[PDB]
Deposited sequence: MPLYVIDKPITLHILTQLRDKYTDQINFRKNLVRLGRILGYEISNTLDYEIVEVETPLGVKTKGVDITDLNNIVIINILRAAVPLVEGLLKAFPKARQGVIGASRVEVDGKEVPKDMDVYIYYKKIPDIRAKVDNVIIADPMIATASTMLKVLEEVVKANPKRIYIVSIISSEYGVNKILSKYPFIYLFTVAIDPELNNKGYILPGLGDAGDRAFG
């Protein structure tokens, strides 16, 4: 399923990200802000069980507990992802982290580095983060690795994704929960997202 989070709050931040006038401090900071907000969206979709707690005045009342918050494995795709993940962790403190290294349309992408914790089959909720999904190659390559682990669920957290990508990804993995703030219409020749926001990695790491 596709989850486009276009509420005023996120669209407001996205705007500042897109604005070529926002410096690296504010750019990185907004990536963090969206990561936490984005993690709160993902939070509401997770499996939870009904519990009972007694209150100070000695009365019992039903409550909620998002159990799966203990079963999260965030996958950091090297670079631009670091800041976004820094937001996600605000919503998934108990999550373990994996990092991946890969690099280059349609051209195949190769994985050159990868240290991922052990994904508990049928239990874990893997969250693969990367601010931008253009052609969707990077993402799909990481996916191969992830599906092998047979996780309970797989989420993809991005800021902007091209239509080409969303469809590319959801067409081969309809069971994947793809979250994003905006879906931009095109990819020029260089494989860039338009309007997009330029190069996230560069705008944040500086």
item: Deposited-sequence stretches lacking C-alpha coordinates, listed in sequence order; value: 1, 106-114
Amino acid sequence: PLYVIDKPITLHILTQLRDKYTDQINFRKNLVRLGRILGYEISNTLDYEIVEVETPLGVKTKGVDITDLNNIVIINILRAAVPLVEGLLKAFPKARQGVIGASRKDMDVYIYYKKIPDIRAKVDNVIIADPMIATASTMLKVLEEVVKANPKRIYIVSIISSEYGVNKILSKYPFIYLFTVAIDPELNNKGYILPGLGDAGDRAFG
From here on, numbers count along this sequence of modelled residues.
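Here the rigid core means the biggest group of C-alpha atoms that line up within 1.5 Å when the two forms are laid on top of each other.
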| property | result |
| --- | --- |
| Higher-deviation stretch (C-alpha RMS, rigid core fit) in 4 other deposited structures of this protein, choosing from 26-34 and 51-59 | 51-59 |
| Comparing 121-129 and 94-102 where Cα RMS over structures and residues is taken in 4 other deposited structures of this protein (core fit), larger one | 94-102 |
| Higher-scoring stretch by recorded Cα B factor average, 107-115 or 78-86 | 107-115 |
| 183-191 or 21-29, whichever carries the higher mean Cα B-factor | 183-191 |
| From 72, 121, 136, 91, residue of greatest CA B-factor | 121 |
| Lowest, middle or highest third - CA B-factor, residue 145 | highest |
| Residue 176, C-alpha B-factor rank within chain (lowest, middle or highest third) | middle |
| Cα B factor band for residue 35 (lowest, middle or highest third within the chain) | lowest |
| Ranked C-alpha temperature factor of residue 154 among modelled chain residues, by third | lowest |
| Third of chain Cα B-factors occupied by residue 100 | middle |
